[PDB]
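K.L.:
Turn this into a structure:
(one chain, ligands or ions: 1)
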Amino acid sequence: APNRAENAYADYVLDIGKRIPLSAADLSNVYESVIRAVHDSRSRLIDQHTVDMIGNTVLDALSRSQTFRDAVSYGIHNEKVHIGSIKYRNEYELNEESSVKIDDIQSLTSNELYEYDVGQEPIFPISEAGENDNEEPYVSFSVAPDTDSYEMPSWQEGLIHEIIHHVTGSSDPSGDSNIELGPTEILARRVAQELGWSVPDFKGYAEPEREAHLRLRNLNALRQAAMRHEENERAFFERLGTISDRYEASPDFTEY
Ligand SMILES: [Zn+2]
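P.N.:
Numbering: from 1, shown residues only. Have a look at this structure:
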């Protein structure tokens, strides 16, 4: 097998994954497990909108992307993460290059998402496929942007990307490349294409235009989420802080 960080790993995963397809019954079980896993992720997600969007995105990919099904099937049959085991989080971190006057995410205000100097916004999402100490896998990712937002398809594609790390064991390029996507992003882009998610045609995982697109997508998703909860702004930033501190927030979003 190719190394998990080389582009070749993508087509390898799919070739092997296609050998044992998911029956409509297998798919049905996967489907229900994802519904459960996403619902169980409420306590680490910023809002119900984000819960809904994660579920919709993953289920739509299972329903309409052969590539995603092939990747998911690969993991089930080849000792990677079974997609139904993955839970979801919206962890953020302070931007250490920033200017903004805050000790913690809990004290942040919506004004501070606009009024800061340079390109140093106060916080960034943590976007990663990790596991907790009981080896239970999770994806941390940006809060969901608004329905019908410019940011939605890129957000969806990036979410699928992190899931691909778990379900296929793929990695990103070892070096910062402007001409190689890496096998995880290759697969995520194929899923996006099959689903009609409009994303920019980047060639390199770390190319400056991609990095800029991501930061701006994340900042706007955060601004949009904060605005959705303008009525309960302090509760919104406290919840984001609670999640980022790795504690459980209300699974029923009672602060809203
Ligand atoms: Zn990645």
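
K.L.:
In three-state terms, label the closest residue to residue 12 other than its chain neighbours for me.
P.N.:
Closest residue to residue 12 apart from its sequence neighbours, by C-beta to C-beta, 6 or more residues apart in numbering: residue 2 at 5.3 Å. Backbone N, C-alpha and C define where each C-beta goes, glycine included. Three-state assignment for residue 2 (DSSP: H, G, I helix; E, B strand; the rest coil): coil.

K.L.:
Isn't residue 2 up against residue 9?
P.N.:
Yes: the criterion here is C-beta atoms under 8 Å, and residue 2 meets it with residue 9 at 4.6 Å.

K.L.:
Name the residues contacting each of those two.
P.N.:
Taking C-beta atoms under 8 Å, 6 or more residues apart in numbering as the contact rule, residue 2 and residue 9 both touch residue 183.

K.L.:
Give the residue from these two that has the larger number of neighbours.
P.N.:
Remark: of residue 2 and residue 9, residue 9 carries more neighbours, 22 against 14, as counted by other C-beta atoms under 10 Å.

K.L.:
Show the contacting residues for that one.
P.N.:
1, 2, 3, 168, 170, 171, 183.

K.L.:
Repeat that for residue 136.
P.N.:
Going by C-beta under 8 Å, 6+ apart, residue 136 touches 85, 87.

K.L.:
and with 10 Å instead?
P.N.:
By C-beta atoms under 10 Å, 6 or more residues apart in numbering, residue 136 lies in contact with 81, 85, 86, 87, 130.

K.L.:
Most widely separated two among those residues?
P.N.:
Within those, 85 and 130 form the most distant pair, 13.0 Å apart (C-beta to C-beta).

K.L.:
so what sits against both of the two?
P.N.:
Contact criterion C-beta under 10 Å, 6+ apart; residues bridging residue 85 and residue 130 by contacting each: 136, 137, 138, 166.

K.L.:
Report the buried members of the residues you listed.
P.N.:
Neighbour-count burial (16 or more other C-beta atoms under 10 Å) applied to the shared contacts of residue 85 and residue 130 gives 137, 138, 166.

K.L.:
Tell me which of those residues fall in helices.
P.N.:
residue 166 (DSSP state H).

K.L.:
which residue ranges form the helices in this structure?
P.N.:
So, for the chain - with DSSP H - the helices run 8-17, 24-39, 48-64, 66-77, 152-168, 183-195, 208-228, 233-244.

K.L.:
Those helices: which one's closest to residue 256?
P.N.:
Among the helices of the chain, helix 233-244 comes nearest to residue 256, with 6.5 Å by C-beta to C-beta.
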